[PDB]
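The chain below stands alone and is given in structure tokens; this is the form solved without this ligand.
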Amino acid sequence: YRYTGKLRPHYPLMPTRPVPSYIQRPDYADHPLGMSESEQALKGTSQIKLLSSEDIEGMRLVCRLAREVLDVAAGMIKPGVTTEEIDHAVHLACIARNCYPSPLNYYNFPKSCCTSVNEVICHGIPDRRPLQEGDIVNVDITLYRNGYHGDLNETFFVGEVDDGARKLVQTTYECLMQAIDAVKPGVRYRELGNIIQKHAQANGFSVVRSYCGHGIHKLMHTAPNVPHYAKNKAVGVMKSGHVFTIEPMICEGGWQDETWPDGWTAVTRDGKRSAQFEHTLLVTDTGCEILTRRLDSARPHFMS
């Protein structure tokens, strides 16, 4: 394998961390290849659930708990801390909130969150590399509680970073918020990509194509698929009661991605940096509710 950048995996990984059996488990947690019956059952469908009031309560709770866990990780971002240490804290925080860490054994993913440093676009595996000053790092948290999944992510600065890093992170968040601001009944899921790409282009950044936002509730990833790039073919129309994520991945260089031999880590083919932000959204009559919103601050962590 020829690596695309300066980053390398730092193995071995610590033994898989246990989840006490009192925590309720999604189907894939105990499947030997980490496959999910329920997701596959509905794979290939365009149909989009309309959540009940019970579903909404469930989605509100788990999305709030997920935000709390993301906030735990945010407080640990500093030079010298390894992504594995962050994942340990995250794993414990999920447990402490009576949630299962959704990534854990999802298609045999070996950790409890994804940490994506620099040229890692998404799905990085927490490992023994200490974070380095100048790094940008995204931590993506998904929790599962009472049958529902909640999903959010943010990119962070590791001490002082260069102007390029500042601009890429800022613009990515701005891409996210502009998309969210367009969400309400009757808007085509395919429109968000035009908004996202138009802002990214304008700042000289490109937009990852192979990964998208998604529906989420009782399944972790389901309809709708939601691309973040312009002129896309996504299918469907927003409606009050839909829940989905928007999670744009934006890059300094080109848009093309490839996967490390670990089968997960998605990196820029050119080795340039990528940043991402993500919220789980509920479409309401007037617009949408940001279920994974930060409660103790108007702003993401990187703005402090």
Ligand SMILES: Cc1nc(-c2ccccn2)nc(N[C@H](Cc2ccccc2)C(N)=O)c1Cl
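We number the residues from 1 along the sequence you see.
One more form of this protein exists, namely the form solved in complex with this ligand; it is left out here, but the text below deals with it.
Residue in contact with this ligand in the deposited complex (any heavy atom within 4.5 Å), chosen from 252, 55, 68, 39: 39. For the candidate set 218, 199, 214, 97, a heavy atom within 4.5 Å of this ligand in the deposited complex is found for exactly one residue, namely 214. Using a 4.5 Å heavy atom cutoff, none of 119, 131 and 260 lies near this ligand in the deposited complex. Residue contact check for residue 123: one or more of its heavy atoms lie within 4.5 Å of this ligand in the deposited complex. The shortest heavy atom separation between residue 205 and this ligand in the deposited complex exceeds 4.5 Å. Remark: residue 73 does not count among the residues lining this ligand in the deposited complex, judged by a heavy atom distance of 4.5 Å or less. By the criterion of a heavy atom within 4.5 Å, residue 114 is counted among the residues contacting this ligand in the deposited complex. Contact annotation: this ligand lies within 4.5 Å of heavy atoms from the stretch 102-110 in the deposited complex, the single such stretch among 86-94, 102-110, 187-195, 155-163. Residues of 237-272 placing a heavy atom within 4.5 Å of this ligand in the deposited complex, in sequence order: 247, 264.
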